[PDB]
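See structure below.
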Number of protein chains: 2
Amino acid sequence: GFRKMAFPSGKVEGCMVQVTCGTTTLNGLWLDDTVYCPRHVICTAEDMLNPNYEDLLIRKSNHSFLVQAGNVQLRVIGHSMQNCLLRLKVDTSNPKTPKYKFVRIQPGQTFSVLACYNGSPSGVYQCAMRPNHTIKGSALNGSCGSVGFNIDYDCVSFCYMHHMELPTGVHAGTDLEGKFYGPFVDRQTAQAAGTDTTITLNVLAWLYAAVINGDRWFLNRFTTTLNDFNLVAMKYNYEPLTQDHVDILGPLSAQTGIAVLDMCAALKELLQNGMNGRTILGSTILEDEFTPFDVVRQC
Amino acid sequence: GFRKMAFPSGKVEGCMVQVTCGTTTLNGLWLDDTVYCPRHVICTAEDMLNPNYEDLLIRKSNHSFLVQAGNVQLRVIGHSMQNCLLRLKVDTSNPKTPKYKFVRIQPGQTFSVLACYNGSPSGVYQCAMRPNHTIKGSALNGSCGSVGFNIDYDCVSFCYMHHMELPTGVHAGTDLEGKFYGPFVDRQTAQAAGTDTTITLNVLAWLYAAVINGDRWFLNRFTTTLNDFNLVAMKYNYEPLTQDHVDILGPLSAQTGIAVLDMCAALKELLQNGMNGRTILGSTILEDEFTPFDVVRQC
């Protein structure tokens with residue numbers, strides 16, 4: 001098979017804290033002398049129906065916030081609001097602060113989430129930002145203040161923070177500047193996600209990972225155009241494949257000697273005929289949570 | 001629940017080393033002042049056809065083994081063999097040793113694997129020990145010396161270490177006493193693997209997780225005995241369900257208000273009729289890599 005691996009979580013584990021404001025407690029990211037958490041930590045369940053955050057935050061002081069790093073009480077010496085984030089200045093700088101970056105990822109791109117339970121690391125999983133700008137998972141999977149990240153050598157690129165749980169186990173979130181992904185907001189209203197689609201570029205990359213691991217049964221002599229593939233793509237709830245996408249599949253096409261549009265033809269047949277008791281990389285379904293970058297790296 | 005979370009890998013990351021003997025390099029486990037790795041590190045390709053481990057090791061000095069933790073080269077001052085493991089005494093105790101136990105797990109049980117390339121933590125995944133005593137994955141997923149573990153409270157329970165990649169593309173390995181799971185040996189030969197049945201207990205645990213998370217379309221009013229359920233289950237390559245398994249699902253049964261045998265009749269119908277394009281916890285297939293303990297822990 002081909003395991004959907006999360007990044008080793010060690011560097012992010014040392015950064016997780018809990019933040020308590022009144023009766024509300026959630027997770028926060030402790031980097032240097034700042035703690036980052038969702039701004040709705042200052043909101044009770046009642047407050048969430050129509051929250052005036054500037055109105056609610058003026059009533060708070062530095063002592064309104066209880067920050068705890070494991071068994072250690074951190075002392076907050078400043079507070080401010082950056083978009084949908086609460087920024088807390090503390091009197092101690094995190095000695096386990098790794099090399100880090102804040103990045104804004106694109107839909108269809110992947111990252112690891114370290115699910116945390118009131119400051120404490122519980123589990124890690126790999127996921128993709130869905131085309132509808134949501135992250136799938138349970139209440140624990142998307143526990144508020146839990147962060148998404150990529151690790152590139154020694155540097156942690158933080159790209160996501162869990163904020164809201166939408167109906168039927170769907171999560172909405174923010175980057176590390178507090179800007180939401182998608183048309184979502186930090187209040188309890190009716191928020192429907194858009195139409196979720198299969199990440200076509202990702203499926204193709206995973207089919208290339210299949211070939212690299214010796215799985216070849218799905219390939220064919222057939223040839224398709226980009227337009228005729230996208231006619232079959234939309235029919236089965238797949239994302240349109242841009243010319244820019246076929247460029248990104250260059251290195252994987254070269255490594256296997258299989259032309260992108262030939263793999264599209266293979267995908268087309270798979271979409272129309274199914275797998276018929278056969279597996280690809282030990283799977284009965286077409287995986288879409290591996291980017292070309294993930295495949296090249298893990299192959 | 002929904003997402004198949006691995007444990008936070010932090011405590012295990014600080015234990016990973018690379019061990020080199022001759023032309024072979026693999027992963028090792030550094031705990032206190034001992035380094036654990038597969039004994040076949042002392043073997044070349046030709047050795048692996050018919051390895052005489054006693055003889056191969058007898059003319060190896062302490063200097064024959066190169067061990068490095070990150071960039072620190074560890075001085076090996078002892079060597080011995082524990083079953084299929086090499087035990088290398090080093091001059092320094094691992095300062096990053098966590099509280100740990102070695103345990104042998106049962107087939108169908110779950111653990112996390114920190115996959116490593118030449119001592120460097122690469123990724124982390126959650127898996128189950130198959131009923132045929134194998135672990136599915138790629139070459140990197142099961143790269144020699146990578147360990148499996150659970151984290152219970154503050155304590156790391158190491159249970160598994162990758163040794164061999166089997167012809168089928170699956171992986172064989174030992175516990176941390178060096179005793180293989182299943183009828184496998186550390187020699188490059190033809191090896192009979194049993195049938196990979198579906199872990200029935202785990203599917204039922206997962207169906208309970210679905211109910212708890214408000215996904216209960218698969219439930220019906222039908223009844224069944226353990227005997228009659230197995231006659232259907234044996235036909236779809238599910239392992240027999242025992243009274244012991246029924247008892248294990250007792251707490252989840254009481255929590256959901258759904259009797260085990262009723263959940264069995266729900267499964268029976270799912271096996272016969274299929275899911276019919278519907279999803280359970282966002283999945284189009286039935287998951288068998290969550291234990292009852294995993295379900296309770298994550299819900």
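Chain A is the first sequence line, chain B the second, and so forth, proteins listed ahead of strands; every chain is numbered from 1.
Taking every heavy atom of both residues into account, A/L85 and A/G178 meet most closely at CG-CA, 3.5 Å. Taking each heavy atom of A/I199 and A/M129 in turn, the nearest pair found is CD1-O, 4.3 Å. Heavy atoms only, all atoms of each residue included: B/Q255 and B/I212 are closest at NE2-CD1, 3.8 Å. The two atoms that bring A/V113 and A/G148 nearest to each other are CG2-CA, 4.3 Å, heavy atoms only. The two residues B/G108 and B/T291 come nearest to each other via the heavy atoms O-CG2, 3.9 Å. Closest heavy-atom contact between A/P38 and A/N27: CD-O, 3.8 Å.
Between the side chain of B/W217 and the backbone N or O of B/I280, no donor-acceptor pair lies under 3.5 Å. Side chain of B/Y236 to main chain of B/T198: no donor-acceptor pair is present (N/O by atom type, distance under 3.5 Å, no hydrogens or angles). Of the possible donor and acceptor atoms, none in the side chain of A/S122 sits under 3.5 Å from a partner among the backbone N and O of A/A115. Judged by distance alone, with hydrogens and angles left aside, the side-chain atoms of B/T197 form no donor-acceptor pair with the main-chain N or O of B/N237 at under 3.5 Å. Remark: the backbone N or O of A/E177 is paired with a side-chain donor or acceptor of A/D175 at under 3.5 angstrom. Between the side chain of A/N141 and the backbone N or O of A/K136 there is no donor-acceptor pair closer than 3.5 Å. Remark: the backbone N or O of B/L241 is paired with a side-chain donor or acceptor of B/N230 at under 3.5 angstrom. Side-chain atoms of B/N276 come within 3.5 Å of backbone N or O of B/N273 as a donor-acceptor pair. Checked by atom type and distance alone, the side chain of A/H133 never pairs as donor or acceptor with a backbone atom of A/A193 at under 3.5 Å. Put simply, the side chain of A/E13 gets close to the backbone of B/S9: a donor and an acceptor are under 3.5 Å apart.
Using cut-offs of 30° and 60° for the angle between ring planes, the B/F7 and B/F149 rings count as tilted. Between A/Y181 and A/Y160, the angle of the ring planes lies from 30° to 60°, which puts this pair in the tilted group.
Within 6.0 Å of CZ in A/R297 there are more than 12 heavy atoms belonging to other residues, nucleotides or ligands. Within 6.0 Å of atom CZ in A/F293, 12 or fewer heavy atoms from other residues, nucleotides or ligands are found, so the atom counts as exposed in its surroundings. Around CG of A/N50, the count of heavy atoms belonging to other residues, nucleotides or ligands within 6.0 Å does not exceed 12. Atom CD of A/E46 has 12 or fewer neighbouring heavy atoms from other residues, nucleotides or ligands inside a 6.0 Å radius. Few gaps surround CZ on A/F180; more than 12 heavy atoms of other groups in view lie less than 6.0 Å from it. Heavy-atom neighbours of A/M234 CE from other residues, nucleotides or ligands within 6.0 Å: at or below the threshold of 12. No more than 12 heavy atoms of other residues, nucleotides or ligands sit less than 6.0 Å from atom CD of A/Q188. Open room surrounds CZ on A/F222; 12 or fewer heavy atoms of other groups in view lie less than 6.0 Å from it.
Looking at heavy atoms from C-beta onward, B/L207 lies in side-chain contact with B/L286 at the 4.5 angstrom threshold. Residues A/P98 and A/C15 have side chains in contact (heavy-atom distance under 4.5 Å, counting atoms from C-beta outward). Side-chain contact check for A/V12 versus A/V124: every heavy-atom pair is 4.5 Å or farther apart. Counting heavy atoms from C-beta outward, A/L201 and A/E239 have side chains that stay 4.5 Å or more apart. Looking at heavy atoms from C-beta onward, A/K4 lies in side-chain contact with A/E287 at the 4.5 angstrom threshold. Residues A/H40 and A/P51 fail the side-chain proximity criterion, which asks for heavy atoms closer than 4.5 Å. Residues A/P292 and A/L249 form a side-chain contact, since some pair of their non-hydrogen atoms from C-beta on lies under 4.5 Å apart.
Interatomic distance, A/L231 CG to A/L226 CG, rounded to the nearest 0.5 Å: 10.5 Å. Rounded to the nearest 0.5 angstrom, B/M5 CE and B/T110 OG1 are separated by 12.0 Å. To the nearest 0.5 Å, atom SG of residue A/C155 and atom OH of residue A/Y100 are 10.0 Å apart. A/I151 CD1 to A/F158 CZ: the interatomic distance, rounded to the nearest 0.5 Å, is 8.0 Å. With values rounded to the nearest 0.5 angstrom, A/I248 atom CD1 is found 6.5 Å from A/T242 atom OG1. Atom CG in B/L271 sits 4.5 Å away from atom OH in B/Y238 (nearest 0.5 Å).
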Using side chain to side chain contact (heavy atoms under 4.5 Å, CB included), reason through A/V260 and A/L252 one step at a time and then give a plain yes or no.
CA-CA 9 Å; A/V260 178; A/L252 282 169; over 6 Å; no
Can you list the steps and then say if B/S112 with B/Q126 is a side chain to side chain contact (heavy atoms under 4.5 Å, CB included)?
CA-CA 4 Å; B/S112 301; B/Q126 187 72 178; 2.6 Å; yes
Given side chain to side chain contact (heavy atoms under 4.5 Å, CB included), test A/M263 with A/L219 step by step and report yes or no.
CA-CA 7 Å; A/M263 195 64 72; A/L219 297 174; 3.9 Å; yes
I'd like to know whether B/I135 forms a side chain to side chain contact (heavy atoms under 4.5 Å, CB included) with B/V170, so could you lay out the CA-CA distance, the side-chain angles of the two residues, the decisive distance to 0.1 Å, and finally the verdict.
CA-CA 6 Å; B/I135 306 297; B/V170 299; over 6 Å; no
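For residues 179-195 of chain A, every residue pair satisfying the salt bridge (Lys or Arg N to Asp or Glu O under 4.0 Å) rule, not counting sequence neighbours, is listed here: A/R39-A/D186. Listed by first and then second residue, the side-chain hydrogen bond (donor to acceptor under 3.5 Å, both in side chains) pairs involving residues 199-209 of chain A amount to none (not counting sequence neighbours).
Between A/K101 and A/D152, no side-chain nitrogen of the basic residue sits less than 4.0 Å from a carboxylate oxygen of the acidic one, so the salt-bridge criterion is not met. A salt bridge links A/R3 with B/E289; the closest basic N to acidic carboxylate O contact falls under 4.0 Å.
If you check the side chains of B/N132 and B/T134, you find a donor sitting under 3.5 Å from an acceptor. Between the side chains of A/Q298 and A/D294, no donor-acceptor pair is found at a separation under 3.5 Å.
A distance below 6.0 Å separates the ring centres of A/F290 and A/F2.
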